[PDB]
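S.K.: Sequence plus experimental coordinates follow:
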There are 2 protein chains.
Amino acid sequence: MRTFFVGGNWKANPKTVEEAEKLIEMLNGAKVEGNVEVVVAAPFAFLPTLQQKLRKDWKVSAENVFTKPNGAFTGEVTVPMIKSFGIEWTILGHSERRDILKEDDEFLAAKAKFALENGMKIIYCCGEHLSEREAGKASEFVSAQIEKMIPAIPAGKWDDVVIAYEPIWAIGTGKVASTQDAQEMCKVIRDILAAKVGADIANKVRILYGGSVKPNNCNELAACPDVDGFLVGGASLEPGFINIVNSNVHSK
Amino acid sequence: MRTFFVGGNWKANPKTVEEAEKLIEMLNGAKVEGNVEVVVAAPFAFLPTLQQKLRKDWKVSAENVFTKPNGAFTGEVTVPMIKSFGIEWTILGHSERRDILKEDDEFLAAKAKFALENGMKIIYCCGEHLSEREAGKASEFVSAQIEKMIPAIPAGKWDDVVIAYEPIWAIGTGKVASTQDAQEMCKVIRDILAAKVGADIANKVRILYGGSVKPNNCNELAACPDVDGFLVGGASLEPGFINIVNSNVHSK
Ligand code: NA
Ligand code: NA
Ligand code: NA
Ligand code: NA
Ligand code: NA
Ligand code: NA
């Protein structure tokens, strides 16, 4: 059985380092049940304090990295800088970066390859927008994203890759995703992997649900067979985050 | 006389926090001559250690910020997060962000307004590319950029604005900028300000040269009448940075 995986994506929150520290202290007191791999992703400026203060059985993640080790890239943070603090993870391809900062698949594949070849682990995000959902072309769209990601992954590095599905069609559109939607799309992804890189890799890669996950749905979601965990949004800043970590006991 | 201003833009360097600390210790031992306002800008992940360790007569700067205080903006760092560490400055509109990360003038004006209204000081960058230089349309291009910036600046906030001119046409093009180029464009900018917001503001705003500045040209550049200082690239990571800070004694 793949180890259940929960990443808390703080996104661009909280506003202050003091709030970040308060949040860390709460996470540090949380009683985790079952077996689960927990990763906490935070704004670059809070990464040193999170790496310093966060419980050592959890790991810290960046929310992005650039494509190069260093250089003439004002404003960008790079893998070596992250690693210098002992941080081992980054998110890549989040819908907010693809949409608002205009990150394209070519840029993202270059980041996945560079990250992995430099010893990072990645949470690689994908997912379709409203029109493709309506057209019944979700699988196709998600497939093309995964097919762009596949060639990026170096030999021997699938152990260091986690994929998160984001129902972007359910974000601010007036439409909501169901538990079955999550299961269907995670299965879609696993089957793409199986066809393209083989069953052994498909069976080991954790595929996460990255839509709205809260204490009131995490248990039903976790129980879905192809849902291996979550990339949590707003609840990662709240006490309910622990409920979501602990939903691993409902997944088999 | 406006106070001479030198910002050291580390860009996406160095690779490691240990190197950042070594660099800070060197800057901390530097003997500054004359009167000069020095600002050091570094990757978000190194900002806490720079704010902690850097000499207190200099100020720390971010190399970018987003347009909002916080929220669903995975990967982005915001003004409140910066300010929570006591950091008072950010760069905005650097050529590398405009070009590689596709930041447009509307995005940049929104960042200048938000930054300033939240108590930040900004180093706002502008400058033309090769074709406009060749066409003799540099003033026009730079004017439009400044005209997009002007409406962003809140009432009472020009004391918190510094402008840097970047000869992007001289970056990786096979062409080099002269000392006279720098003086001519800084004068161009001052005169735009005078016409658009008045002589009192034009006479107080520091306008920096942001092309290649090194120990072998900083003194001649500084002496130019409309050059009020520098936004330094690669030399800000080198001992020569102090020579450049100290060139203020040649500016009147
Ligand atoms: Na279909
Ligand atoms: Na491996
Ligand atoms: Na499951
Ligand atoms: Na002309
Ligand atoms: Na003021
Ligand atoms: Na001068």
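M.R.: Right, received. Where do you want to start? Numbering: from 1, shown residues only, chains lettered A, B, ... in the order given. Ligands and ions are numbered 1, 2, ... in the order given.

S.K.: what's stretch A:176-188 in contact with?
M.R.: The contact list for stretch A:176-188, computed with Cβ atoms under 8 Å, 6 or more residues apart in numbering or on different chains, reads A:127, A:138-139, A:142-143, A:165, A:167, A:169-170, A:207-209, A:211-212, A:217, A:220-221, A:224-228. C-beta: built from backbone N, CA, C; applies to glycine.

S.K.: Against ligand 3, which of those make the cut? List them.
M.R.: residue A:227 (Cβ under 5 Å from the ion).

S.K.: Okay, and which of the contacts of stretch A:176-188 map to helices?
M.R.: A:138-139, A:142-143, A:220-221 (DSSP state H).

S.K.: From these, list just the buried residues.
M.R.: For these, a burial check counting by 16 or more other Cβ atoms under 10 Å in any protein chain shown picks out A:138-139, A:142-143, A:221.

S.K.: which two in those are spaced the farthest apart?
M.R.: The distance between the two most remote of those (Cβ to Cβ) is 22.4 Å, for A:143 and A:221.

S.K.: Check whether residue A:163 sits in a helix, strand or coil.
M.R.: Secondary structure of residue A:163, reduced to three states by DSSP: H, G, I helix; E, B strand; the rest coil: strand.

S.K.: Tell me, how many residues neighbour it?
M.R.: 26 (other Cβ atoms under 10 Å in any protein chain shown).

S.K.: repeat for the one 5 residues further on
M.R.: By other Cβ under 10 Å, 23 other residues sit near residue A:168.

S.K.: Point me to the residue of the stretch 1-150 of chain A nearest ligand 3.
M.R.: residue A:4 (7.1 Å; Cβ to the ion).

S.K.: I figured that residue hits residue A:248, correct?
M.R.: Yes. Counting by Cβ atoms under 8 Å, residue A:248 is a contact partner of residue A:4 at 3.6 Å.

S.K.: Pull up the overlap in contacts between the two.
M.R.: With Cβ under 8 Å, 6+ apart as the test, residue A:4 and residue A:248 both reach A:34-36, A:222, A:229.

S.K.: just the buried members of these?
M.R.: Among the shared contacts of residue A:4 and residue A:248, those classed as buried by 16+ other Cβ under 10 Å are A:36, A:222, A:229.

S.K.: okay, those residues in CSV with distance to ligand 6 next?
M.R.: Below are these laid out as CSV (distance: Cβ to the ion, whole Å):
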residue, distance to ligand 6
A:36, 61
A:222, 65
A:229, 59
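
S.K.: Next up, the contacts around the residue of chain A found nearest ligand 3.
M.R.: Relative to ligand 3, the nearest point of chain A is residue A:251 (3.4 Å; Cβ to the ion). Residue A:251 makes contact with A:4, A:222-224, A:227-229 under the criterion Cβ under 8 Å, 6+ apart.

S.K.: Nearest to ligand 5, out of the shared contacts of residue A:4 and residue A:248: which one, please.
M.R.: So of the shared contacts of residue A:4 and residue A:248, ranked by how close each gets to ligand 5 (Cβ to the ion), first place is residue A:229, at 49.6 Å.

S.K.: Give me the phi and psi for the residue lying closest to the closest one once chain neighbours are set aside.
M.R.: Residue nearest to residue A:229 in three dimensions, not counting chain neighbours: residue A:5, with 3.5 Å by Cβ to Cβ, 6 or more residues apart in numbering or on different chains. With angles defined as degrees, to the nearest 10, residue A:5 sits at phi -130, psi 120.

S.K.: Bridged to residue A:5, which residues?
M.R.: Beta-bridge partners of residue A:5, counted by DSSP bridges, are residue A:37, residue A:229.

S.K.: hmm, what's the outermost residue in chain A?
M.R.: Farthest-out residue of chain A from its mean C-alpha position, per Cα atoms, centre = their mean: residue A:72, at 28.0 Å.

S.K.: how close does that one get to ligand 2?
M.R.: Using Cβ to the ion, to the nearest Å, residue A:72 is found at 32 Å from ligand 2.

S.K.: burial measure for the residue nearest to residue A:94 when sequence neighbours are not counted, as a count.
M.R.: Excluding the flanking residues, the one nearest residue A:94 by Cβ to Cβ, 6+ apart is residue B:74, at 4.1 Å. Applying other Cβ under 10 Å, we find 25 residues neighbouring residue B:74.

S.K.: Does residue B:74 touch residue A:61 like I think?
M.R.: No. With contacts counted by Cβ under 8 Å, residue B:74 stays clear of residue A:61, the gap being 10.9 Å.

S.K.: ok, how many other residues are close to residue A:99?
M.R.: Neighbour number of residue A:99 under other Cβ under 10 Å is 12.

S.K.: And for residue A:3?
M.R.: 12.

S.K.: Quick check: the residue nearest to it when sequence neighbours are not counted vs residue A:90, distance?
M.R.: Of all residues not flanking residue A:3 in the chain, residue A:37 sits nearest, at 5.2 Å (Cβ to Cβ, 6+ apart). As for residue A:37, its distance to residue A:90 is 15 Å (criterion: Cβ to Cβ, to the nearest Å).

S.K.: Residue A:67 now?
M.R.: 12 Å.

S.K.: More neighbours: those two, which one.
M.R.: Taking other Cβ under 10 Å, residue A:67 and residue A:90 do not tie; residue A:90 has more neighbours (25 against 19).

S.K.: what about that one, which helix or strand?
M.R.: Element membership for residue A:90 (DSSP states H and E) is strand A:89-92.

S.K.: That strand pairs with which strands?
M.R.: strand A:59-62 (parallel), strand A:121-126 (parallel).

S.K.: contacting residues around that strand?
M.R.: Contacts of strand A:89-92 (Cβ under 8 Å, 6+ apart): A:7, A:9, A:39, A:41, A:59-65, A:79, A:82, A:108, A:111-112, A:115, A:120-125, A:231, B:74-75.

S.K.: Please verify my assumption that the residue farthest from the centre of chain A contacts residue B:212.
M.R.: No. Residue A:72 is beyond contact range of residue B:212, at 11.7 Å (criterion: Cβ under 8 Å).
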